[PDB]
Amino acid sequence: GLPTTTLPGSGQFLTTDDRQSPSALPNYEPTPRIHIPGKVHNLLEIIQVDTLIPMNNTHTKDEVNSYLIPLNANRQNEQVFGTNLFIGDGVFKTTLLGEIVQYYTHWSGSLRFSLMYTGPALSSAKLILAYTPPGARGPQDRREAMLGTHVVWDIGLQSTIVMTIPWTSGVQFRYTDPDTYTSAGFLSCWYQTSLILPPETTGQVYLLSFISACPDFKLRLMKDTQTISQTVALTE
Amino acid sequence: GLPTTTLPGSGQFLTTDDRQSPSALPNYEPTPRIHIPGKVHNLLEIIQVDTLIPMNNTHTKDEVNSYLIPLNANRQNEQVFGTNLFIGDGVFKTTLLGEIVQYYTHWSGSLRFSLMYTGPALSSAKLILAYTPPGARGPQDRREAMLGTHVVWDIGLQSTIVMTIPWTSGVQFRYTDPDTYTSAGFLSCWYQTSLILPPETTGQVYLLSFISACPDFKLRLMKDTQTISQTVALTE
Amino acid sequence: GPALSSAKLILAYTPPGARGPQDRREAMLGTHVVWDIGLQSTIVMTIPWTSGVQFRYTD
Amino acid sequence: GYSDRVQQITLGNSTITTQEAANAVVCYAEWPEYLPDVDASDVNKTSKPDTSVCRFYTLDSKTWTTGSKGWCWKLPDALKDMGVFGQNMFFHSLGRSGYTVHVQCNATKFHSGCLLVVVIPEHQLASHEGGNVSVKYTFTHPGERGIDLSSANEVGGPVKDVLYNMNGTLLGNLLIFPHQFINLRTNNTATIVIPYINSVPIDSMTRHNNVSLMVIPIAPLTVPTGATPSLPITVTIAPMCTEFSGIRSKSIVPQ
Amino acid sequence: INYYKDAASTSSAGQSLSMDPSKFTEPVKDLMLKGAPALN
Amino acid sequence: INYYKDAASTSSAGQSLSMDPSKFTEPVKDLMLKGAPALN
Amino acid sequence: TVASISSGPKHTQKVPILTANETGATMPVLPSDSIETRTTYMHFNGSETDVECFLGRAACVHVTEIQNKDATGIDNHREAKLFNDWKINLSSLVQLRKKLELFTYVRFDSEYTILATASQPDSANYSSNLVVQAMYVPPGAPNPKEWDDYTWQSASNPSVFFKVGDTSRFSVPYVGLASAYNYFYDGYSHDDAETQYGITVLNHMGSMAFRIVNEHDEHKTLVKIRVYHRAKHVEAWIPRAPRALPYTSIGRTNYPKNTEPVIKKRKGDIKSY
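Protein chains in written order, with our numbering: chain A, 1 to 236; chain B, 237 to 472; chain C, 473 to 531; chain D, 532 to 786; chain E, 787 to 826; chain F, 827 to 866; chain G, 867 to 1139.
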């Protein structure tokens, strides 16, 4: 008989501990694995695939239309859309990125925001996208917007433009749930010159917008998502 | 005194765990082993010996007669017997194979079904045995039956015919207790030409049928058999 | 057609033994090419020699 | 002078040419291949009809109009009646296949509109009834007709609400599945190569569909002035590396 | 590691991995070859 | 040290440290180079 | 590892930021393709986002309850909660369910922890000490009919006996019939016109029956069982869109009617911040 002493914590059950256990089914042989395409190893692998952002959130019931950012022909100087960058809330929240970020407490890294244009091929347009780093207000006019991170996008044969929100930060991690100290800025978009439709054409054209994370990205300290809850256990 | 921590599960008794225990009889010397023919090591060794199937289940009290499949002289085109292949139930259930399969939850592998003919030596017959893989109904006539796994059996000097139900399956294991998704097919038998008795002879002739497992076979995840129960403890 | 128009046609060869196809579904089950009208103005379909007998009559 | 743009796919006795492609997607970066022995379970030798089943079948055409919500086809169902592919299907106990899907929609440089073409492995649909109402067989086996998401709820059928992918997930995130867009201004076809994806090496072709192909208008169709307000969309699909096993009597399926 | 002195006190045995059904499936005196006739 | 015989009884696995998003982010048939035109 | 390299002004014919999303790719664009950057290192590995880590902590998967009371004159033990079964599932309490359904096929060993606590809602002199028996009943085994049937002998079926207030813990290998588990299955068990859709027999992880071994004392004792499940040795294939609407049933994808908009409406314009 070897002398032992038990410490504080004996008998506790910590849902996060990782130890060995007896197998209830001694000697059982599991089914062989066969090959299946698509294996995922890290959630970091999947948040780099871009998905659509319901940017046009202004509706009243969920609709395919809140994915469409409208553009008006012949407007000059004006603003196309605006949003803050609380990736865990608001427009971002239902996107795959938003949806995964919510399983973690802290995030750090660059984001990739792209816009794909869908107007007739014989039209043309020049837009400016601007990222405003924390510390200033959402820009109120392009002059204000153009003094921060921006890209003049020229609509052409190449249909999409990929803007990166480079990680601009004092503190090396931000909270995924919106927090002030930790806030990330604003994203706005304005006409640089203006949309022009060809003859025989009319109305609004739309941009689709996507979001995905750069390879830069870090997420840490897992927790429970506000995105799902329940009141009684389900049954069959 | 070495510091320890006890984990969740301490003090539990799991009937399936395998550990050391003090011997109550320290130093006792067991009787020497002598040699005995017949040692069994695996249940897989014994389910390869074939045993008779009470195929003729149509009686009302258990009788030697439900082991006998009758054959009629001069019938043409017609059907000799039919059964599904739920090896854990129905005809199969009391056979040694059926009886062991019931100690496990899953089975996979090929089955060997053979028929031994017992009619007078001066008679003759040609039968077709057909295996119908999952997905179609039990065949309704030989034409239907002959399009799946089948063997034309010619009754001769060699008294038995061994049909194999080759493992035909998407999923690599099936349930021993009958389940749909997991179902294995049907087995039917029809006259290929017809039984013919010699002169001075009359009546029905019978086939005996056996079942055993091919060396192919796998059984896993042990459990309790529905084949035995009790209401009070027995006594001497 | 005008350069600013567009079209997609299917050409189908039906080997001997069946009737002239009566609808595209029927037609598309034999030798066929989906032609996409583009910059490249012509499409070349080949009727590959499908035959039991190695020569046919011209009449 | 090769462009990402022009392409030719020849499979069997059938060929497709596109002069306005946008590359092609190969699901999960894997190309269809036959079933290796190391992965095999059923002991039966399989049948590989090759060129008689691995050719292009063009399903009947759809009509995109300003009110369209989107269409959904299931595989191998959509092909259950195409030539010898279909016969093989009803006649063997098990079968396995990959596909090349080519979705076509051409317009002019004055039209606008953008379709999402996506392949969803194991797309289990939801009942519009809620609770635990099931979706009857016939409803998930529309055949070449596919399911029309702008048709009405029916009884025993699935829900046809587009912002929810017919299953409780948002349209916006379908982009995690192999997919390609058809943006009239760019593109005129979409091509996706689908490798066989299952948790078993071979399965039944009638009780289980392993992918739904979905074409969904996202930026509404907008035709030039006084143009007819609609465009046809055509779907052509070719089984590739098909194998059938466990031949017999010929399945009888509901309805 | 056995902590105890007696053999009965050790854990379960380990798989025979013996397996030879022929004493049960083919106890015939003259050897039968599959493919050759059963009765000559 | 495993104290138990079966593999299911061992603790959690250890980090894939595999990580290859290209099956998801770039499943295109003809390779796209960043910087070169998307459609040629 | 560098998180960003140093990059300066650019005036090229080589534009990495113009792409064609119609292709289905997400081109790997970085901050340094469009602004001037400085070197910085990652200092991070992505350890805690590994799927083994993501699915590897215990989650509550089931809460049931049984009572110890005099069974004298009870015609239906099962019905008196004299004993109770549970067919194992991971899709009844939604927290873990949403996590698993981020994948199409999943393969793992399970580690179960079972906590049992007792309650004595009405006048008792004391708290008794009860031993629970949890039997693993695979499909095809006789199922308990009374709380003290021959079934409980469990001569071939793994069972664990632990005390109320304590915890029991054991681990079961991956018992799936196929190579992985399909939490989605767009199929039927056969081509029947009325068979159930979606719920299949290759997601069955067995089933479990609980009872108190103790006979009855003078008062009644409520024992409530909580089953926790931890995946170990995880393997996951084919990512899918996360669950947006609420769940209604174990095993079907169905969402409730007249559900509410899941995308938050702006308080303001598209232009709003």
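Every residue, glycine too, gets a C-beta built ideally from N, C-alpha and C.
- Under the 7 Å criterion on CB atoms, D/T596 is classed as non-interfacial with respect to chain A.
- In this chain, the alpha helix (DSSP H) harbouring E/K809 covers 808-811.
- Taking a 10 Å sphere around the C-beta of A/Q226, we find fewer than 16 other C-beta atoms and assign the residue as exposed.
- Residue environment: C/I519 is assigned as exposed (fewer than 16 neighbouring CB atoms within 10 Å of its CB, all protein chains considered).
- By the criterion of at least three beta-carbon pairs nearer than 8 Å, the region 126-135 of chain A is in contact with the region 147-163 of chain A.
- In this structure, the straight-line span from the alpha carbon of A/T95 to that of A/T60 is close to 18 Å.
- Within the model, the alpha-carbon separation for D/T717 versus F/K860 is close to 19 Å.
- Between the region 651-665 of chain D and the region 560-580 of chain D, the count of Cβ pairs shorter than 8 Å is below three; the stretches do not touch.
- Scanning A/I34, A/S159, A/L219 for the CA closest to the CA of A/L122 turns up A/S159.
- With a contact defined as Cβ atoms closer than 8 Å, A/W107 and A/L219 qualify at about 5 Å.
- Here A/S188 has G82, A130, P139, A145 as same chain residues with Cβ atoms under 6 Å from its own Cβ, once five neighbours each way along the sequence are excluded.
- Between the region 987-1000 of chain G and the region 1075-1091 of chain G there are three or more inter-stretch CB-CB distances shorter than 8 Å, so the stretches are counted as touching.
- Taking 7 Å as the threshold, the shortest C-beta distance from D/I707 to chain G falls below it.
- The region 912-921 of chain G and the region 35-53 of chain A touch, with no fewer than 3 CB-CB distances between them shorter than 8 Å.
- In the displayed model, G/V1089 falls within a strand according to three-state DSSP.
- Within a 10 Å sphere around the beta-carbon of B/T252 sit 16 or more other beta-carbons, which makes this residue buried.
- A distance below 6 Å between beta-carbons, with the five flanking residues on each side excluded, links D/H642 to the following residues of its chain, in chain order: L715, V754.
- Within chain B, no residue has its CB atom less than 9 Å from the CB of A/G135, the nearest being about 49 Å off.
- Interface flag for B/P244 against chain G is set, since a Cβ pair is found closer than 7 Å.
- A distance below 8 Å between beta-carbons, with the five flanking residues on each side excluded, links A/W167 to the following residues of its chain, in chain order: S108, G109, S110, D216.
- Put simply, the CB of F/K855 is far from chain G, with every gap to its CB atoms at 7 Å or more.
- G/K1137 sits away from A/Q102, with the two beta carbons spaced by 7 Å or more.
- Chain F has a Cβ within less than 7 Å of the Cβ of A/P22.
- In the displayed model, G/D975 falls within a strand according to three-state DSSP.
- In chain order, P770, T773 place their CB closer than 6 Å to the CB of D/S628, counting only its own chain and leaving out the 5 sequence neighbours on each side.
- At the C-beta level, G/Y1121 and D/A657 come within 7 Å of one another.
- In the three-state scheme derived from DSSP, where H, G and I count as helix and E and B as strand, C/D508 is classed as strand.
- Counting the other CB atoms within 10 Å of its CB gives D/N741 a total of 16 or more, which places it among the buried residues.
- For A/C214, DSSP records no beta bridge to any residue.
- For the pair G/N950 and G/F1028, the CB atoms are not nearer than the 7 Å cut-off.
- Under a 10 Å Cβ-count criterion, G/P894 is classified as buried, with 16 or more other Cβ atoms of the shown protein chains found around its own Cβ.
- Taking 7 Å as the cut-off, the Cβ atoms of D/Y565 and A/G38 do not count as close.
- When rounded, the separation of the alpha-carbon atoms in D/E660 and G/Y1051 is 19 Å.
- Listed in chain order, the alpha helix (DSSP H) elements of length 4 or more contained wholly in the region 30-117 of chain A are 43-46, 96-101.
- With fewer than 16 neighbouring CB atoms inside 10 Å of its own CB, B/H271 falls in the exposed class.
- Neighbours of A/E144 across chain D, judged by C-beta separation under 7 Å, do not exist; the nearest C-beta is about 30 Å away.
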